[PDB]
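Content type mmCIF, C-alpha atoms and all ligand atoms; chains and numbers go by the auth columns, from the file entry.cif:
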```cif
data_work
loop_
_atom_site.group_PDB
_atom_site.id
_atom_site.type_symbol
_atom_site.label_atom_id
_atom_site.label_comp_id
_atom_site.label_asym_id
_atom_site.label_seq_id
_atom_site.Cartn_x
_atom_site.Cartn_y
_atom_site.Cartn_z
_atom_site.B_iso_or_equiv
_atom_site.auth_seq_id
_atom_site.auth_asym_id
ATOM 1 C CA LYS A 1 0.000 0.000 0.000 0.00 1 L
ATOM 2 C CA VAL A 2 1.182 3.474 -0.939 0.00 2 L
ATOM 3 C CA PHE A 3 -0.294 6.326 1.080 0.00 3 L
ATOM 4 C CA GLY A 4 -1.186 9.716 -0.270 0.00 4 L
ATOM 5 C CA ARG A 5 0.257 12.710 1.601 0.00 5 L
ATOM 6 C CA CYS A 6 -2.982 13.698 3.306 0.00 6 L
ATOM 7 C CA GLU A 7 -4.117 10.115 3.803 0.00 7 L
ATOM 8 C CA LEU A 8 -0.959 9.427 5.794 0.00 8 L
ATOM 9 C CA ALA A 9 -1.194 12.678 7.757 0.00 9 L
ATOM 10 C CA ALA A 10 -4.729 11.791 8.836 0.00 10 L
ATOM 11 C CA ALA A 11 -3.717 8.255 9.830 0.00 11 L
ATOM 12 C CA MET A 12 -0.694 9.437 11.803 0.00 12 L
ATOM 13 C CA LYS A 13 -2.833 12.021 13.591 0.00 13 L
ATOM 14 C CA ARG A 14 -5.404 9.385 14.486 0.00 14 L
ATOM 15 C CA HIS A 15 -2.533 7.347 15.872 0.00 15 L
ATOM 16 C CA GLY A 16 -1.404 10.169 18.151 0.00 16 L
ATOM 17 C CA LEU A 17 1.812 11.221 16.418 0.00 17 L
ATOM 18 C CA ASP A 18 0.993 14.911 16.171 0.00 18 L
ATOM 19 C CA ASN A 19 3.376 16.628 18.570 0.00 19 L
ATOM 20 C CA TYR A 20 4.606 13.332 20.000 0.00 20 L
ATOM 21 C CA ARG A 21 7.632 14.339 22.077 0.00 21 L
ATOM 22 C CA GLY A 22 7.429 17.789 20.539 0.00 22 L
ATOM 23 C CA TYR A 23 7.471 16.748 16.887 0.00 23 L
ATOM 24 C CA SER A 24 4.687 18.254 14.790 0.00 24 L
ATOM 25 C CA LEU A 25 2.747 15.994 12.423 0.00 25 L
ATOM 26 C CA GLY A 26 4.610 17.457 9.454 0.00 26 L
ATOM 27 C CA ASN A 27 7.895 16.009 10.699 0.00 27 L
ATOM 28 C CA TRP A 28 6.501 12.482 10.624 0.00 28 L
ATOM 29 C CA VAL A 29 4.926 12.854 7.199 0.00 29 L
ATOM 30 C CA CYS A 30 8.126 14.360 5.815 0.00 30 L
ATOM 31 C CA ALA A 31 10.140 11.525 7.364 0.00 31 L
ATOM 32 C CA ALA A 32 7.856 8.937 5.766 0.00 32 L
ATOM 33 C CA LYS A 33 8.000 10.677 2.390 0.00 33 L
ATOM 34 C CA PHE A 34 11.775 10.499 2.103 0.00 34 L
ATOM 35 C CA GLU A 35 12.379 7.265 3.968 0.00 35 L
ATOM 36 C CA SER A 36 9.852 5.174 2.012 0.00 36 L
ATOM 37 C CA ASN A 37 8.090 7.463 -0.459 0.00 37 L
ATOM 38 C CA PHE A 38 4.909 6.725 1.547 0.00 38 L
ATOM 39 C CA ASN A 39 5.251 3.013 0.713 0.00 39 L
ATOM 40 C CA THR A 40 4.201 0.610 3.478 0.00 40 L
ATOM 41 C CA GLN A 41 5.946 -2.297 1.762 0.00 41 L
ATOM 42 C CA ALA A 42 9.347 -0.654 1.240 0.00 42 L
ATOM 43 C CA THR A 43 12.285 -2.819 2.282 0.00 43 L
ATOM 44 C CA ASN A 44 15.940 -1.894 1.894 0.00 44 L
ATOM 45 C CA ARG A 45 19.075 -3.824 2.802 0.00 45 L
ATOM 46 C CA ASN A 46 21.915 -2.139 4.649 0.00 46 L
ATOM 47 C CA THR A 47 25.597 -2.934 4.382 0.00 47 L
ATOM 48 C CA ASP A 48 25.906 -4.075 7.998 0.00 48 L
ATOM 49 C CA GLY A 49 23.441 -6.883 7.474 0.00 49 L
ATOM 50 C CA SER A 50 20.262 -5.266 8.581 0.00 50 L
ATOM 51 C CA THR A 51 17.217 -4.366 6.591 0.00 51 L
ATOM 52 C CA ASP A 52 14.871 -1.382 6.937 0.00 52 L
ATOM 53 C CA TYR A 53 11.180 -2.023 6.872 0.00 53 L
ATOM 54 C CA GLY A 54 7.990 -0.226 6.034 0.00 54 L
ATOM 55 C CA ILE A 55 6.601 3.308 6.100 0.00 55 L
ATOM 56 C CA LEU A 56 9.278 4.472 8.475 0.00 56 L
ATOM 57 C CA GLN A 57 12.171 2.284 7.381 0.00 57 L
ATOM 58 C CA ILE A 58 12.675 0.745 10.771 0.00 58 L
ATOM 59 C CA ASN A 59 15.831 -1.206 11.336 0.00 59 L
ATOM 60 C CA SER A 60 16.354 -4.878 11.951 0.00 60 L
ATOM 61 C CA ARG A 61 19.501 -4.581 13.939 0.00 61 L
ATOM 62 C CA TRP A 62 18.128 -2.355 16.634 0.00 62 L
ATOM 63 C CA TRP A 63 14.397 -2.228 16.528 0.00 63 L
ATOM 64 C CA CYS A 64 12.605 -5.123 14.989 0.00 64 L
ATOM 65 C CA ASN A 65 13.365 -8.846 14.725 0.00 65 L
ATOM 66 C CA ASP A 66 13.555 -10.316 11.226 0.00 66 L
ATOM 67 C CA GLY A 67 15.531 -13.312 12.351 0.00 67 L
ATOM 68 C CA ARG A 68 18.222 -12.609 9.813 0.00 68 L
ATOM 69 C CA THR A 69 20.268 -9.884 11.355 0.00 69 L
ATOM 70 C CA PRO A 70 23.348 -10.500 13.515 0.00 70 L
ATOM 71 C CA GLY A 71 23.406 -8.444 16.712 0.00 71 L
ATOM 72 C CA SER A 72 19.625 -8.019 16.654 0.00 72 L
ATOM 73 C CA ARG A 73 18.387 -6.152 19.735 0.00 73 L
ATOM 74 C CA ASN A 74 14.692 -5.982 18.796 0.00 74 L
ATOM 75 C CA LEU A 75 14.107 -2.999 21.081 0.00 75 L
ATOM 76 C CA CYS A 76 10.578 -2.504 19.762 0.00 76 L
ATOM 77 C CA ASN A 77 9.871 -6.164 20.532 0.00 77 L
ATOM 78 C CA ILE A 78 8.116 -6.818 17.235 0.00 78 L
ATOM 79 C CA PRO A 79 8.673 -9.006 14.159 0.00 79 L
ATOM 80 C CA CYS A 80 9.850 -6.823 11.273 0.00 80 L
ATOM 81 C CA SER A 81 7.066 -8.418 9.236 0.00 81 L
ATOM 82 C CA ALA A 82 4.609 -6.405 11.347 0.00 82 L
ATOM 83 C CA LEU A 83 6.098 -3.247 9.854 0.00 83 L
ATOM 84 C CA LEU A 84 5.091 -4.273 6.328 0.00 84 L
ATOM 85 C CA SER A 85 1.366 -3.705 6.710 0.00 85 L
ATOM 86 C CA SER A 86 -1.297 -1.366 5.357 0.00 86 L
ATOM 87 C CA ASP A 87 -2.081 -0.805 9.045 0.00 87 L
ATOM 88 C CA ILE A 88 0.556 1.640 10.329 0.00 88 L
ATOM 89 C CA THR A 89 -0.032 0.741 13.983 0.00 89 L
ATOM 90 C CA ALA A 90 3.157 -1.281 14.538 0.00 90 L
ATOM 91 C CA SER A 91 5.330 1.291 12.769 0.00 91 L
ATOM 92 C CA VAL A 92 3.813 4.129 14.798 0.00 92 L
ATOM 93 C CA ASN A 93 4.278 2.343 18.113 0.00 93 L
ATOM 94 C CA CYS A 94 7.892 1.508 17.319 0.00 94 L
ATOM 95 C CA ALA A 95 8.586 5.020 16.011 0.00 95 L
ATOM 96 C CA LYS A 96 7.500 6.389 19.398 0.00 96 L
ATOM 97 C CA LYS A 97 10.103 4.173 21.047 0.00 97 L
ATOM 98 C CA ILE A 98 12.800 5.283 18.610 0.00 98 L
ATOM 99 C CA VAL A 99 12.315 9.014 19.201 0.00 99 L
ATOM 100 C CA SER A 100 12.311 8.470 22.966 0.00 100 L
ATOM 101 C CA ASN A 101 17.819 10.625 20.207 0.00 103 L
ATOM 102 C CA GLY A 102 14.688 12.321 18.856 0.00 104 L
ATOM 103 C CA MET A 103 14.067 12.112 15.017 0.00 105 L
ATOM 104 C CA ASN A 104 17.759 12.204 14.102 0.00 106 L
ATOM 105 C CA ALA A 105 17.401 8.415 14.062 0.00 107 L
ATOM 106 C CA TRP A 106 15.894 8.831 10.596 0.00 108 L
ATOM 107 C CA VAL A 107 18.723 9.876 8.306 0.00 109 L
ATOM 108 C CA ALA A 108 16.345 11.134 5.604 0.00 110 L
ATOM 109 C CA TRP A 109 14.588 13.336 8.151 0.00 111 L
ATOM 110 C CA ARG A 110 17.827 14.852 9.436 0.00 112 L
ATOM 111 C CA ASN A 111 19.115 15.298 5.884 0.00 113 L
ATOM 112 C CA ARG A 112 15.986 16.671 4.205 0.00 114 L
ATOM 113 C CA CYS A 113 13.288 17.626 6.720 0.00 115 L
ATOM 114 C CA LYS A 114 15.014 19.091 9.766 0.00 116 L
ATOM 115 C CA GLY A 115 15.060 22.874 9.717 0.00 117 L
ATOM 116 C CA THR A 116 12.429 23.231 6.993 0.00 118 L
ATOM 117 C CA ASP A 117 8.795 24.273 7.261 0.00 119 L
ATOM 118 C CA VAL A 118 7.662 20.669 7.625 0.00 120 L
ATOM 119 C CA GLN A 119 4.079 21.905 8.083 0.00 121 L
ATOM 120 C CA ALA A 120 4.053 22.198 4.318 0.00 122 L
ATOM 121 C CA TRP A 121 3.593 18.422 4.274 0.00 123 L
ATOM 122 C CA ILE A 122 0.176 18.573 5.932 0.00 124 L
ATOM 123 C CA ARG A 123 -1.095 21.890 4.604 0.00 125 L
ATOM 124 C CA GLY A 124 -4.216 21.414 2.504 0.00 126 L
ATOM 125 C CA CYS A 125 -5.207 18.244 4.330 0.00 127 L
ATOM 126 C CA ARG A 126 -8.457 17.867 6.263 0.00 128 L
ATOM 127 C CA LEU A 127 -7.567 16.826 9.803 0.00 129 L
HETATM 128 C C1 LIG B . -3.938 3.348 12.168 0.00 1 B
HETATM 129 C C2 LIG B . -5.166 2.538 12.535 0.00 1 B
HETATM 130 S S1 LIG B . -6.578 3.691 12.877 0.00 1 B
HETATM 131 O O1 LIG B . -7.878 2.989 12.718 0.00 1 B
HETATM 132 O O2 LIG B . -6.544 4.809 11.891 0.00 1 B
HETATM 133 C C3 LIG B . -6.234 4.315 14.562 0.00 1 B
HETATM 134 O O3 LIG B . -5.655 3.233 15.365 0.00 1 B
HETATM 135 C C4 LIG B . -5.342 3.647 16.738 0.00 1 B
HETATM 136 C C5 LIG B . -4.720 2.463 17.459 0.00 1 B
HETATM 137 O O4 LIG B . -5.434 1.240 17.393 0.00 1 B
HETATM 138 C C6 LIG B . -6.623 4.155 17.453 0.00 1 B
HETATM 139 O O5 LIG B . -6.315 4.582 18.804 0.00 1 B
HETATM 140 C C7 LIG B . -7.224 5.322 16.648 0.00 1 B
HETATM 141 O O6 LIG B . -8.389 5.793 17.268 0.00 1 B
HETATM 142 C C8 LIG B . -7.539 4.834 15.224 0.00 1 B
HETATM 143 O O7 LIG B . -8.088 5.874 14.464 0.00 1 B
HETATM 144 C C1 LIG B . 0.144 7.108 20.644 0.00 2 B
HETATM 145 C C2 LIG B . 0.253 8.412 21.403 0.00 2 B
HETATM 146 S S1 LIG B . 0.681 8.037 23.161 0.00 2 B
HETATM 147 O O1 LIG B . 2.082 7.587 23.297 0.00 2 B
HETATM 148 O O2 LIG B . -0.214 6.954 23.668 0.00 2 B
HETATM 149 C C3 LIG B . 0.313 9.599 24.002 0.00 2 B
HETATM 150 O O3 LIG B . 0.888 10.686 23.217 0.00 2 B
HETATM 151 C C4 LIG B . 0.649 11.998 23.816 0.00 2 B
HETATM 152 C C5 LIG B . 1.257 13.045 22.898 0.00 2 B
HETATM 153 O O4 LIG B . 0.765 13.065 21.568 0.00 2 B
HETATM 154 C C6 LIG B . 1.256 12.045 25.245 0.00 2 B
HETATM 155 O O5 LIG B . 1.010 13.330 25.857 0.00 2 B
HETATM 156 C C7 LIG B . 0.631 10.932 26.100 0.00 2 B
HETATM 157 O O6 LIG B . 1.167 10.949 27.392 0.00 2 B
HETATM 158 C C8 LIG B . 0.914 9.583 25.430 0.00 2 B
HETATM 159 O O7 LIG B . 0.354 8.541 26.185 0.00 2 B
HETATM 160 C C1 LIG B . 8.955 -1.288 24.322 0.00 3 B
HETATM 161 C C2 LIG B . 9.666 -2.607 24.117 0.00 3 B
HETATM 162 S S1 LIG B . 8.886 -3.881 25.215 0.00 3 B
HETATM 163 O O1 LIG B . 7.936 -4.727 24.472 0.00 3 B
HETATM 164 O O2 LIG B . 8.148 -3.201 26.312 0.00 3 B
HETATM 165 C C3 LIG B . 10.317 -4.787 25.869 0.00 3 B
HETATM 166 O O3 LIG B . 11.207 -5.075 24.755 0.00 3 B
HETATM 167 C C4 LIG B . 12.404 -5.811 25.169 0.00 3 B
HETATM 168 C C5 LIG B . 13.267 -6.021 23.940 0.00 3 B
HETATM 169 O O4 LIG B . 12.681 -6.780 22.895 0.00 3 B
HETATM 170 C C6 LIG B . 11.999 -7.158 25.828 0.00 3 B
HETATM 171 O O5 LIG B . 13.175 -7.887 26.259 0.00 3 B
HETATM 172 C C7 LIG B . 11.088 -6.875 27.032 0.00 3 B
HETATM 173 O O6 LIG B . 10.699 -8.076 27.633 0.00 3 B
HETATM 174 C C8 LIG B . 9.856 -6.105 26.545 0.00 3 B
HETATM 175 O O7 LIG B . 9.009 -5.826 27.628 0.00 3 B
HETATM 176 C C1 LIG B . 1.003 4.900 20.247 0.00 4 B
HETATM 177 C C2 LIG B . 0.388 3.988 21.298 0.00 4 B
HETATM 178 S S1 LIG B . 1.732 3.081 22.179 0.00 4 B
HETATM 179 O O1 LIG B . 2.762 2.563 21.247 0.00 4 B
HETATM 180 O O2 LIG B . 1.143 1.918 22.897 0.00 4 B
HETATM 181 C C3 LIG B . 2.357 4.327 23.342 0.00 4 B
HETATM 182 O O3 LIG B . 3.806 4.207 23.379 0.00 4 B
HETATM 183 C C4 LIG B . 4.428 5.182 24.279 0.00 4 B
HETATM 184 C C5 LIG B . 5.936 4.993 24.212 0.00 4 B
HETATM 185 O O4 LIG B . 6.399 3.662 24.109 0.00 4 B
HETATM 186 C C6 LIG B . 3.879 5.009 25.716 0.00 4 B
HETATM 187 O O5 LIG B . 4.479 5.987 26.599 0.00 4 B
HETATM 188 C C7 LIG B . 2.349 5.172 25.697 0.00 4 B
HETATM 189 O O6 LIG B . 1.823 5.006 26.980 0.00 4 B
HETATM 190 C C8 LIG B . 1.754 4.126 24.750 0.00 4 B
HETATM 191 O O7 LIG B . 0.356 4.255 24.699 0.00 4 B
#
```

As structure tokens - that is how I would like this structure written.
Amino acid sequence: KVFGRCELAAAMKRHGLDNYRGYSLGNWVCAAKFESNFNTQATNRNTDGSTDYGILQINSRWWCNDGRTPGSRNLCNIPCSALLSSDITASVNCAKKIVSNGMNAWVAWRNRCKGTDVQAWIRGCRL
């Protein structure tokens, strides 16, 4: 499933991400846009042997368990397969745990969203 900008903003708001730990909804939508292009099925392999899963490109080494990653810590205590769903619940819940060093965890966010008017990503949407 590939979300539309406003469709994802609405879903993330419903899920309580707006202003979670001080991060406005726009930050999360922007992060999703550049991490996965709003694609819930996105999967990308990393050089260290981990994979990044789903809407938020959550990592197998630290966060989720795919059972194929040496040094797996599974800090979100969830199978990575749960992050490849049309239902963003698992990704949202894990994302909350990740930000609890803030959104710098997401390279794409730090590189492209941080410091910009991220509200532009939700402007025009009915929330
Ligand atoms: C992302 C699923 S939902 O139906 O949009 C959303 O899910 C959370 C968690 O189960 C609920 O608390 C929320 O009210 C729902 O809208
Ligand atoms: C899914 C949101 S939460 O973690 O259950 C909820 O988030 C708000 C901020 O948006 C916090 O103030 C609250 O304490 C949390 O439980
Ligand atoms: C928020 C993670 S958890 O599910 O509360 C916690 O996760 C660790 C790591 O996977 C587990 O060892 C622990 O038992 C879980 O409670
Ligand atoms: C978004 C709902 S949650 O994942 O269950 C949420 O997670 C935060 C951080 O782990 C908790 O502080 C909050 O109480 C939970 O509802």

Hey, what comes out of the PyMOL selection byres (((chain L and resi 82) around 12) and not hetatm) on this file? Could you write it as a VMD selection string? chain L and resid 40 to 41 53 to 55 58 60 63 to 66 76 to 81 83 to 94

May I ask which of the residues L:122, L:98, L:42, L:115 is the closest one to ligand LIG 2 (chain B), counting only C-alpha atoms and all ligand atoms?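 The answer is L:98, which sits nearest to ligand LIG 2 (chain B).
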
Report, as AutoDock Vina command-line options, the centre and edge lengths in Å (one decimal) of the axis-aligned box enclosing every listed atom of ligand LIG 4 (chain B), padded by 3 Å on each side.
```
--center_x 3.4 --center_y 4.0 --center_z 23.6 --size_x 12.0 --size_y 10.1 --size_z 12.7
```

Using only C-alpha atoms, which residues sit within 8 Å of range 26-35 of chain L once same-chain residues fewer than 3 positions away are excluded, as a ChimeraX atom specification? /L:5,8-9,12,17,23,38,55-57,108,110-111,114-116,120-124

Filtering to C-alpha atoms, could you give me those residues as a CSV table (one decimal), in the coordinates of the input?
```csv
chain,number,residue,atom,x,y,z
L,5,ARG,CA,0.3,12.7,1.6
L,8,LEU,CA,-1.0,9.4,5.8
L,9,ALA,CA,-1.2,12.7,7.8
L,12,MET,CA,-0.7,9.4,11.8
L,17,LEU,CA,1.8,11.2,16.4
L,23,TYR,CA,7.5,16.7,16.9
L,38,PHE,CA,4.9,6.7,1.5
L,55,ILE,CA,6.6,3.3,6.1
L,56,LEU,CA,9.3,4.5,8.5
L,57,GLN,CA,12.2,2.3,7.4
L,108,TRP,CA,15.9,8.8,10.6
L,110,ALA,CA,16.3,11.1,5.6
L,111,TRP,CA,14.6,13.3,8.2
L,114,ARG,CA,16.0,16.7,4.2
L,115,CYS,CA,13.3,17.6,6.7
L,116,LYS,CA,15.0,19.1,9.8
L,120,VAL,CA,7.7,20.7,7.6
L,121,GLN,CA,4.1,21.9,8.1
L,122,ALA,CA,4.1,22.2,4.3
L,123,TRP,CA,3.6,18.4,4.3
L,124,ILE,CA,0.2,18.6,5.9
```

Expanded to explicit residues, what is the PyMOL selection byres (((chain L and resi 21) around 9) and not hetatm) for this file, as a count of residues only? 11

For a test of reading the model, state the distance in Å between atom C6 of ligand LIG 3 (chain B) and CA of residue 75 in chain L, rounded to one decimal.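 Distance between the two atoms: 6.7 Å.
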
With all atoms listed in the file as the atoms that count, which of L:129, L:105, L:6, L:95 lies nearest to ligand LIG 3 (chain B)? L:95

So how far away is CA of residue 106 in chain L from atom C4 of ligand LIG 2 (chain B), in Å?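 Atom-to-atom, atom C4 of ligand LIG 2 (chain B) to CA of residue 106 in chain L, that is 19.7 Å.
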
Point-to-point distance in Å for atom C1 of ligand LIG 1 (chain B) and CA of residue 2 in chain L: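 Value for the CA of residue 2 in chain L-atom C1 of ligand LIG 1 (chain B) distance: 14.1 Å.
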
Residues in the PyMOL selection byres (((chain L and resi 73) around 7) and not hetatm), expressed as a list in words: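 Taken over the shown coordinates, the PyMOL selection byres (((chain L and resi 73) around 7) and not hetatm) returns residues 61, 62, 63, 71, 72, 74 and 75 of chain L.
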
Between L:68, L:1, L:25, L:103, which is the closest to residue 125 in chain L once you count all atoms listed in the file?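 Under the stated criterion, the closest residue is L:25.
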
Measuring atom to atom with all atoms listed in the file, identify which of L:97, L:59, L:128, L:48 is nearest to ligand LIG 4 (chain B).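 Nearest to ligand LIG 4 (chain B): L:97.
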